[PDB]
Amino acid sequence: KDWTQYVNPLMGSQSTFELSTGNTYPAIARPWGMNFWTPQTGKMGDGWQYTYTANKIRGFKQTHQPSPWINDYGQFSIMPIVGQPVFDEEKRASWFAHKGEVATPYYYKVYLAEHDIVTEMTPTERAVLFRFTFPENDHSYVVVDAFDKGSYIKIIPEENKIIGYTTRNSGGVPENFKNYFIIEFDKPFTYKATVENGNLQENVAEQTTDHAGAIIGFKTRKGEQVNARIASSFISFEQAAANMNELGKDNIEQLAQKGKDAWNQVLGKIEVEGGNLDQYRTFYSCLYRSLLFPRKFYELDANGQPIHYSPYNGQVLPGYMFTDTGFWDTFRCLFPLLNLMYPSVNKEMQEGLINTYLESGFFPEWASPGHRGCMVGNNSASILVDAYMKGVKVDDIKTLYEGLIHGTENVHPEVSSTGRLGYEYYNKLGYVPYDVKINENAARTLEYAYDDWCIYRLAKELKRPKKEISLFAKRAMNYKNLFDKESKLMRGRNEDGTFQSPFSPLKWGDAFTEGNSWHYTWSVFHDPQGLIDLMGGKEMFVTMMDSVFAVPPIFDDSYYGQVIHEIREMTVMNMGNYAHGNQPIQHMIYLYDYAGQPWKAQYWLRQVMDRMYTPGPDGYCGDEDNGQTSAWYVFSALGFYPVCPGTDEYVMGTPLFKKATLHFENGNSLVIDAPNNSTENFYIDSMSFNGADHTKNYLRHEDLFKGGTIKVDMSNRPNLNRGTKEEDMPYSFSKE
């Protein structure tokens, strides 16, 4: 069975600076591929490297970029042209249309209308094959563009081969960073020139300069095909040559089938049925986007063993390494999805995280490819602990624990988002104050407290001294330090203990990150009952949640000085202040379950799934963020969500399809049967798990893994009695 047919790599490409609809590019690649490949419509250096509304492609580009904000590294490109050998990125460009383009995850084709050239590419994990179909012409060429900021190129005509390295990056690399590439053509050069800062130099073989390039050329008959085998490495030219063997001598068709098989292997772990074509495309496009980041950053030595260039200390070292993800996004449900469906893959990643700590002194929070200053929190603790508690255990648990502890009492001197900014105040006062020059203080506080609960869980598990366990149990409860009875919301607190004024729940940024108090107050993943206890009890809590949907999207943007696209995105959706692209609020709707009204979660979750995700080029409602926003739909369409990674629980929502079958790596399968599901029947009337009544608002990891059948009776009427009982409630720390 094929699932790739439903994957649209263009979903999210119709995005602008002012309004994101995903901010993605078409990542042509193997799952978690070390090297991605994309058509490039944007000018070199532009974070918007492919936009759906662009008229012209100016190259096909090796990319590692996780987002337009973080931008790129290890990047070079190739572009076929006819006529005059031109290097200029604008002059060599070509009109195309999407009806002349075929984008799949394993294969990409496009007709370059101004050169009368067809380009096809099929990647492997670290390499890629190009096939250019040229017209009849005496002057056909291929441009290789190593990008600027210091690059290298060398044409080796005796081998029909061009090699080089690129260094242009966006920070977070060691001084010695290079991406080494090699390109072999199957047609001999008749024309050769290197390029040095815009200057065409015929028969000069070699450049070391700010912006190196090459152009090779030959004569072509009508429809003549020319193949270019390409690979790169972060280690050496010699390792690049080894990575080339991924291609063997396979042609385009062979590699397309191998890539298609690789994707079907992981896509096929979740089979959905009884939906419409929009829902199949959204679902699988989302699952595809959830299996890309963080990318492998390791390579195979002569003995088939993992080695990697360290983006942290620039040495080449043994073992696994991954990068290009920000945990502030991906701790919520992206990594949890791997612990559920692809634990053998997260095992590699977790080993990589150990190596990151050994090589840099800290666990990463945002990495691209080394430590990068972006977002907030210490959510690596969630990543690490959720995996461990789910049976994804690193070899060296002693080092893992020391790493976590180190992170609670240090901040990276160079990257303020690595480790814990403000730990000093936080350990002493139980919160990061509002008036000590540390922005996004409330957001850091709330996530630190959750992170500290995750540490608490591991400590209790590992049988650390009571003194230690107690300390993190206490810190876990630190979120209350920022709760304001007067507003019933979280609120910046000054260093002297007074709450900040004037206070406005509608002010974005400042105390919070990417949102306002209305977005961030719900960030008590590990103790929602505790929050409910603060907000006046469960009826008052539901009232507060209900009002998020009902309050006009007015905002105060003064902290940014402009309507950043996240704000705009909130306003246009007509869902009050519920901004689904806003990560901190993505679990919020599931909180209805904890206050005993799961029918409201069922209602709103279905609104979000039906309205905030579409299958087209403008498919998301905000930034996709390396799998987080897509994985949100994968879990939600299945009917549940890891509200609190670190527990074994998924909190119930409402399933989107009539049937879903999970194929676990342990060889068990789980069918989720909801035969009466429809556009109207989005309420859960009743549920059973392998014959037994199931009125609880959560499913357990260990139960799902035993496989079997969950049956869900769907209905157009809410069941006001189901799931209202204390024994029905998911985990809350204060009830432990």
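For every residue, the number given is its place in the sequence shown, counted from 1. What we label the rigid core is the largest C-alpha set whose atoms superpose within 1.5 Å from one form to the other.
- Comparing 159-167 with 545-553 in 5 other deposited structures of this protein, after superposition on the rigid core, the stretch with the greater RMS C-alpha deviation is 545-553.
- The stretch that moves more in 5 other deposited structures of this protein, judged by CA deviation after a rigid core superposition and choosing between 559-567 and 586-594, is 559-567.
- Between 55-63 and 690-698, it is 690-698 that carries the larger average Cα temperature factor according to the deposited entry.
- Relative to its counterpart among 289-297 and 559-567, 559-567 has the higher mean temperature factor, C-alpha atoms as listed in the PDB entry.
- Note on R131, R464, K109, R332: the highest value goes to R464, judged by CA B factor as recorded.
- Of the candidates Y641, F283, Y401, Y448, the deposited coordinates give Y401 the top C-alpha B factor.
- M573: CA B factor lies in the highest third for its chain, per the PDB record.
- For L10, the recorded CA temperature factor ranks within the lowest third of the chain's modelled residues.
- Ranked by C-alpha B-factor against the other modelled residues of its chain, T709 falls in the highest third.
- Among all modelled residues in this chain, the alpha-carbon of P655 has a temperature factor (C-alpha) in the lowest third.
- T38: CA B factor lies in the lowest third for its chain, per the PDB record.
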